[PDB]
Structure formats: C-alpha cells, structure tokens
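Novice:
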Amino acid sequence: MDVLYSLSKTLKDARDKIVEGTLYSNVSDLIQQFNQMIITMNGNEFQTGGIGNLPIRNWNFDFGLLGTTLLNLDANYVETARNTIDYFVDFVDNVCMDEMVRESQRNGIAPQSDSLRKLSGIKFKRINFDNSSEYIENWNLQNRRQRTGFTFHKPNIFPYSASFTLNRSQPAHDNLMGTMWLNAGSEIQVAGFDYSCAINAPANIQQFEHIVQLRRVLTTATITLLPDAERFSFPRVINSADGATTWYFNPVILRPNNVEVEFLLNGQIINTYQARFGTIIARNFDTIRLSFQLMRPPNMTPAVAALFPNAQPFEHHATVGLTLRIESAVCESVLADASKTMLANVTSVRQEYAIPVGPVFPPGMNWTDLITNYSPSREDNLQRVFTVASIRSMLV
Amino acid sequence: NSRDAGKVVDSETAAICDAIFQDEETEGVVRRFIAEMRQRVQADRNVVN
Ligand SMILES: [Cl-]
Ligand SMILES: [Zn+2]
Ligand SMILES: [Zn+2]
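Here the protein sequences line up with chains A and B, keeping their order. Numbered per UniProt numbering, the first sequence finishes at 396, counting up by one with no gaps. Numbered per UniProt numbering, the second sequence finishes at 247, counting up by one with no gaps.
(1) Any beta-carbon of chain B closer than 8 angstroms to the one on residue 149 of chain A?
(2) Who are the neighbours of residue 69 of chain A on chain B, taking C-beta pairs under 8 angstroms?
(3) Taking 7 angstroms as the cut-off, is the CB of residue 389 of chain A close to at least one heavy atom of ligand 2?
(4) Given a cut-off of 8 angstroms, decide if residue 192 of chain A and residue 206 of chain A are closer than it, judged by their beta-carbon atoms.
(5) Helix or strand or just coil, what does DSSP make of residue 292 of chain A?
(6) Which same chain residues end up closer than 8 angstroms to residue 150 of chain A when comparing Cβ atoms and leaving out the 5 residues on each side of it in sequence?
(7) Taking DSSP as the reference, what is the three-state secondary structure of residue 206 of chain A?
(8) Mind listing the chain A neighbours of residue 228 of chain B? Cutoff is C-beta to C-beta under 8 angstroms, in chain order.
(9) Output yes if chain B places a C-beta closer than 8 angstroms to the C-beta of residue 23 of chain A; else output no.
(10) For a test of the three-state rule: what should DSSP assign to residue 220 of chain B, helix, strand or coil?
(11) Listing by chain order, which chain A residues have their CB less than 7 angstroms from the CB of residue 231 of chain B?
(12) Based on the DSSP output, what are the partners of residue 239 of chain A in its beta bridges?
(13) Measure the C-alpha to C-alpha separation of residue 122 of chain A and residue 129 of chain A and round it to an integer number of angstroms.
(14) For residue 247 of chain B and residue 11 of chain A, what's the separation of their Cα atoms in angstroms?
(15) What first and last residue would you give for the alpha helix (DSSP H) that runs through residue 226 of chain B?
(16) With 16 other CB atoms within 10 Å as the buried threshold, where does residue 261 of chain A fall?
(17) Where residue 24 of chain A and residue 64 of chain A are concerned, what is the direct C-alpha to C-alpha distance, given to the nearest angstrom?
(18) Evaluate residue 248 of chain A with the Cβ neighbour count: other Cβ atoms within 10 Å of its Cβ, from every protein chain shown; 16 or more gives buried, anything less gives exposed.
(19) Report all residues for which the CB-ligand distance to some heavy atom of ligand 3 is below 6 angstroms; order them along the chain.
(20) Name the two residues that bound the continuous alpha helix (DSSP H) containing residue 39 of chain A.
(21) Between A:302, A:166, A:159, which lies nearest to residue 368 of chain A when the distance is taken from Cα to Cα?
(22) Considering only the beta carbon of each residue, do residue 19 of chain A and residue 71 of chain A sit closer than 8 angstroms?
(23) Residue 189 of chain A lies in the beta strand (DSSP E); which residues open and close that run?
(24) Is the separation between the beta-carbon of residue 361 of chain A and that of residue 381 of chain A shorter than 8 angstroms?
(25) What residue range is occupied by the uninterrupted beta strand (DSSP E) comprising residue 160 of chain A?
(26) So who's on the other strand from residue 59 of chain A, going by DSSP bridges?
(27) Per DSSP, residue 273 of chain A forms a beta bridge with which residues?
(28) Verify the contact flag: residue 221 of chain A, CB atom, against every heavy atom of ligand 1, threshold strictly below 7 angstroms.
(29) Could you tell me which uninterrupted alpha helix (DSSP H) segments, each at least 4 residues in length, are contained entirely in the segment 325–385 of chain A, listed from first to last along the chain?
(30) Using only the alpha-carbon positions, how far apart do residue 288 of chain A and residue 214 of chain A sit?
(31) Is it buried or exposed, residue 217 of chain B, if we count other Cβ atoms within 10 angstroms and call 16 or more buried?
(32) Tell me which residues share the same chain as residue 208 of chain A and place their Cβ nearer than 6 angstroms to its Cβ, disregarding the 5 neighbours each side in the sequence.
(33) Kindly indicate which three-state DSSP category residue 231 of chain A falls into: helix, strand or coil?
Rendered as structure tokens:
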C-alpha cells in the first residue's frame with residue numbers, strides 16, 4: 001500500500017514538477033526519487049488480473065533514468081519524462097483498479113491483487129517516500145495500532161431508514177400515537193404525533209423517544225439541531241406496518257417540549273443539550289437519544305381550541321418534530337461522506353467491469369447494506385479499497 | 199569545480215567554466231549548476247553525453 005502510494009505520489013510529483021523551463025534545483029530530489037523508482041521497477045514483470053471484465057494486462061519495466069543536464073528544463077527532457085510517467089501512471093491505475101475490485105473475509109486489510117502483493121516485497125520498499133495524504137497517514141498509523149481518525153463532512157453514518165412506530169393504534173387508524181423518522185446519511189428527522197393532542201395524557205404531556213445507535217463511534221462532531229421536522233409536517237397517506245391498508249396523517253406542528261438530546265458513549269452521558277438549538281458539539285459518542293414532549297397548549301385561541309376537541313373524531317393531529325444534522329465529524333473508521341469520492345470510485349470501478357458479488361461486500365456496494373452490517377472484516381476491506389481509491393485519485 | 203567527478207568537452211569549455219565559476223558577478227544558480235552538471239556515459243548503449 002505504501003509502495004503503491006509512493007509510486008502514485010512520485011508520478012504526481014513528476015507530472016507537476018518536471019515542467020519546461022523549471023530550474024534543475026526544483027527537481028533534484030524529485031529526479032533522485034524518480035530514478036530510484038525506475039531502478040527498483042526495472043526488470044520486473046507485473047500482471048493485473050482478469051477478475052470480472054477487467055482485462056488481463058502485462059507490464060514490463062525497461063526505462064532509462066532521467067538525466068540532470070540543463071539549468072532550466074527543456075521540451076526534450078519533459079517529453080522523455082512524460083513518456084515514462086504515462087506508462088507508469090497507466091500501470092499504477094491498473095494496479096489500483098485490480099486491488100479495488102477484490103476482497104477477502106479473513107485478511108481484508110492485506111493486499112489482494114497479485115501486483116500489490118508483489119509490491120509488498122522487500123525489494124520494492126526502496127520506492128517508499130513521503131506518506132502525507134490523510135488516508136495513507138491513517139493507514140500507517142492503524143498498522144501500528146495508533147489512535148487516528150478520518151474527518152468527514154456530512155458523514156454517511158445513518159443507514160437509510162424511513163419508518164414509523166405506533167404506540168397507540170387501532171384497526172381504523174384514527175386515534176394514533178407514535179413516531180415517524182427518516183435516518184438518511186448525516187441527517188435524522190424525527191417527529192412524534194398524537195391524534196388526541198394529549199387530551200387524556202397524565203399531565204397533557206406525551207413523551208417521545210428516538211434512539212439511534214451509530215455503527216461506529218463519532219468524535220468531535222458538529223451538529224445542527226432544529227425544532228421542526230419538515231419531512232413529517234404535511235398530510236400523508238401511509239401504508240400500515242404490514243401493508244394491508246393505508247392510514248391518514250394530517251399534521252399540525254406544535255413546539256417541541258422538554259427537548260433533550262443526549263449523546264451517549266458506552267451508555268454514559270457524554271453530552272447533554274436541553275432545549276438548545278442551532279450548532280452543538282458532541283465530543284465522542286456512539287448513540288443519540290432524542291427525547292421530546294408534545295404538550296397540549298394550556299391556553300388556546302378559539303381557532304386552536306377548535307383544532308383539538310375533547311374526543312374523537314380527530315381531524316388535526318398534533319405533531320412535534322426534531323431535525324439533527326451532523327455537519328462534520330471524526331471517525332476512527334472510514335465512512336462515505338459528501339465531499340470525498342472514494343465510495344463513488346470503488347463502486348464505479350466495480351460496476352464498470354461487472355465484478356461478481358464477493359463474500360464481504362453487499363451487491364453493488366450498496367452503502368445502506370454496508371453500513372447496516374458494518375463488520376470488522378467489512379471495515380478492513382473498505383479501508384483497503386478506499387485507500388487504494390484515494391491513491392488512484394492522485395493520478396486519475 | 200565539479201562535486202561529482204564531472205567531465206566536460208573540451209579543455210576550452212573547462213577554461214570558460216572555471217572563469218565563470220570564479221567570477222563574482224555570476225549567479226549562484228549558474229555556479230551551483232557548474233558544480234553539479236554531469237556527463238552521462240552509457241557503455242552498454244555505446245553513448246556519451
Ligand atoms: Cl453541504
Ligand atoms: Zn458541504
Ligand atoms: Zn397501522
């Protein structure tokens with residue numbers, strides 16, 4: 001991995017720094033590293049495999065070194081370097097794709113493709129130089145059992161889930177009490193509905209709880225909390241739990257009462273926010289507990305009092321909401337996020353070569369299935385393929 | 199003035215390079231290049247630069 005990354009980084013530096021007219025002293029160390037890579041790779045035969053529709057490709061390395069002959073680089077030097085760099089970049093991209101399309105149940109973090117297994121030999125270790133990118137840095141630290149994290153903007157931590165719970169229900173679905181929620185990506189939009197508007201509640205208070213267990217621990221998370229859930233504030237015709245029939249939802253939005261967001265780690269109260277909205281910070285957590293109350297307004301204007309009668313039928317259903325958005329976080333494990341392209345890159349490579357479903361990942365690299373059952377083996381394989389994808393992104 | 203066992207063609211080039219190296223108005227980059235510029239002898243290819 002470090003050798004493959006070092007090849008990619010050397011090639012990127014060569015493409016960016018070996019430019020016409022540049023001082024010889026701008027590239028001396030780069031030329032030395034590039035010649036070291038050429039020497040190490042010369043005389044070695046590589047094969048990128050024929051898994052799926054990925055074509056089998058054979059790579060031979062017999063390239064002359066780069067000289068150091070002009071004070072300012074000229075077009076001839078750049079052209080020779082470009083020829084060598086193009087061949088090497090093609091080889092590295094093919095190696096990255098081959099590694100990306102494989103997986104293993106037992107040693108998911110270890111190399112899978114023959115080319116990357118060969119590049120893990122001692123003879124190629126000389127190619128290894130600066131490992132500065134976030135993913136390679138995390139890879140190297142993780143190999144040493146050191147604490148490190150990936151920073152995600154809008155981490156895709158919640159598997160898609162749009163469902164409801166009815167705590168009070170009837171066959172006619174006309175006096176319902178329960179909760180709706182959408183947990184999608186970095187967003188949790190929850191709502192608690194009472195059709196009776198807590199007319200018969202002990203203190204005209206109906207308590208609602210939503211507990212979301214994160215599949216991985218998130219640290220240093222910045223979170224936006226908003227009182228209302230816009231997704232559950234318009235009339236809906238909703239299938240029953242079995243799908244036998246459909247019931248009617250006609251929300252009227254009330255201010256959430258006694259709102260408490262608890263971010264829990266190991267069952268301990270790490271962070272607590274009571275009636276606080278806007279931007280909040282969750283230090284380090286793996287569970288979110290949103291508890292909110294629907295309180296019947298003690299004093300109502302005649303129209304509001306007309307909305308909520310003392311008994312059935314109930315045509316306007318009182319709803320309290322909550323929206324939680326993880327704008328950024330840090331996770332010890334790799335995750336899909338809104339800014340990076342690693343999941344997109346791996347999925348595109350797997351789809352474009354018709355890679356058969358393996359024993360580790362879900363079909364089509366479906367992210368909801370992947371995060372739903374985010375096992376340690378899947379974590380290892382995903383980290384491997386994401387690191388390879390980030391290596392490939394430096395050139396392709 | 200080569201720091202890597204450098205050679206030049208021909209002796210007149212050596213005289214010119216020494217004079218430029220010792221000159222005080224020479225650019226530091228030019229001086230460092232004179233000290234670092236190298237020949238390349240590829241005996242397997244039967245080529246010399
Ligand atoms: Cl955004
Ligand atoms: Zn953004
Ligand atoms: Zn139902």
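Built from N, CA and C at the ideal position, the CB exists for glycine as well.
Specialist: Per the coordinate set shown:
(1) no
(2) 235, 236, 238, 247
(3) no
(4) yes
(5) strand
(6) 134, 135, 138, 330, 331, 332, 333, 334, 335
(7) strand
(8) 71
(9) yes
(10) helix
(11) 24, 71
(12) A:246
(13) 14 angstroms
(14) 26 angstroms
(15) 226–234
(16) buried
(17) 19 angstroms
(18) exposed
(19) A:166, A:169, A:173, A:240, A:241, A:247
(20) 28–41
(21) A:159
(22) no
(23) 187–194
(24) yes
(25) 158–168
(26) A:46
(27) A:261
(28) no
(29) 342–352, 367–372
(30) 8 angstroms
(31) exposed
(32) 179, 192, 292
(33) helix
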